[PDB]
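These are the residues of each chain, in order.
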Amino acid sequence: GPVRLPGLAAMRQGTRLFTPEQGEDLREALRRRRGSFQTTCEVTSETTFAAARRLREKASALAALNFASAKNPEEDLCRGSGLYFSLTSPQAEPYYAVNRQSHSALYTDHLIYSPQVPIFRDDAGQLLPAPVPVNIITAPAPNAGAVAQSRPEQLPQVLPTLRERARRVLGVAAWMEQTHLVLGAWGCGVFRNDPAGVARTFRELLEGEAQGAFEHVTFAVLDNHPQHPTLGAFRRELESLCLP
């Protein structure tokens, strides 16, 4: 029969959906991990997968945040990886079905956890000699641009939606015992969330509820714009977390 391609079945079968009603269990998992580590934080000018590939030898419990679409499984972490084979798993289907029927550009607090997704290619699109597996957390940031255009009365709700969903990202990471996280400018760019505000949201959590819950947090923010405004905003906001 068909050749079994390495690791793809285990990734798909191990994919996990987190639903809104699991918020409290996620909060408890994060609370138990709080204070475990003297967290190291850094803000780097790297792509998400370049950071994951650099760190994957340093740690196996490494997870990256995928800046995902809410409705369909400009580029997310499916590019260069096996992630689509996980996001289309049957257990992940409610993430797409519920977000579609919500009809809200704030979306819902569904998250997908994808274990040991193979990274197949580098930043330039060339094949890696050996794929590099990383865990991936998929959750959509609120689409501030779409809220502003089509439901402006929801615009004051973008910040609390972003914070509560960021809290659940960290909670999923703690729930799956992840020690290393690759975060970044989640929802910035096309969704038009402000970079300083996204950085400040993660700062609030990492200096509070999630303080010491992770060994290492990398904010991978590749920015080649002349004034580096996105990378600069993250560095300015997260300065106090980044001091060695």
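About the thresholds
- By convention in this text, residue numbers begin from 1 on each chain and track the written sequence, not necessarily the entry numbering, and residues missing coordinates are not displayed.
- Only hydrogens and water are set aside when side-chain values are computed; all heavy atoms of the structure are taken into account.
- The rule is simple: take the accessible area with a 1.4 Å probe, protein chains only, and divide by the maximum for that residue type; under 20% is buried, over 50% is exposed, in between is partly exposed.
- Helical segments are the DSSP runs of H or I of at least four residues, strand segments are the runs of E of at least two, and each set is numbered from the N terminus.
- When checking whether two residues touch, look at their non-hydrogen atoms; a contact exists if any pair is within 4.5 Å.
- Helix axes use the C-alpha atoms of the stretch in contact, all axes being lines fitted to C-alpha atoms, and the angles between their N-to-C directions lie in the range 0 to 180 degrees.
- Note on terminology: angles under 35 degrees are roughly parallel, angles over 145 are roughly antiparallel, angles of 65 to 115 are roughly perpendicular, and the others are oblique.
- By definition, any crossing whose near helix is turned counterclockwise from its far helix by less than a right angle is left-handed, and any crossing with a clockwise turn is right-handed.
- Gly counts as polar in this scheme, as do all residues outside two lists: the nonpolar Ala, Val, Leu, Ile, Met, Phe, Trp, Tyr, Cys and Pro, and the charged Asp, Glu, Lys and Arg.
- What we call a nonpolar core is a set of buried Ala, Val, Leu, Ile, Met, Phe, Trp, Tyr and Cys residues that are connected through their side-chain atoms within 4.5 Å.

As named in the PDB entry, the chain is poly ADP-ribose glycohydrolase, taken from Deinococcus radiodurans.

### Overview of helix α3 (residues 48-55)
Counting buried residues in α3 gives six out of eight residues, a clear majority hidden from the surface. Residues of α3 that are buried make contact with β2 (40-44), β3 (62-67), β4 (111-121), β5 (127-139), β6 (180-183) and β7 (216-220).

### Looking at the packing of helix α7 (residues 158-175) against helix α8 (residues 195-206)
At a minimum axis distance of 10 Å, the contact between α7 and α8 shows a crossing angle of 50°. As summarised for this structure, α7 and α8 are arranged oblique, according to the angle between their axes. Between α7 and α8 lies a crossing whose hand is right-handed. Side by side, α7 and α8 meet where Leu 159, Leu 162, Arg 163, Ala 166, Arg 167 and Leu 170 of the first sit next to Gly 197, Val 198, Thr 201, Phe 202, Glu 204, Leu 205 and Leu 206 of the second. A class-by-class count of the residues in the contact of α7 with α8 yields eight nonpolar, two polar and three charged.

### Topic: the nonpolar core
Where a protein is soluble and globular, its nonpolar side chains tend to be buried together. Judged by nonpolar contacts, the single largest core of 43 residues is most densely connected at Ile 137, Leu 170, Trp 186, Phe 214, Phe 219 and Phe 234. Residues within four places of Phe 219 in sequence aside, it is in contact with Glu 42, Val 43, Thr 44, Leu 183, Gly 184, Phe 202, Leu 206, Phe 234 and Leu 238. If you look at the next biggest cluster of nonpolar residues, it comprises 26 residues, including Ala 51, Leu 55, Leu 87 and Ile 119.

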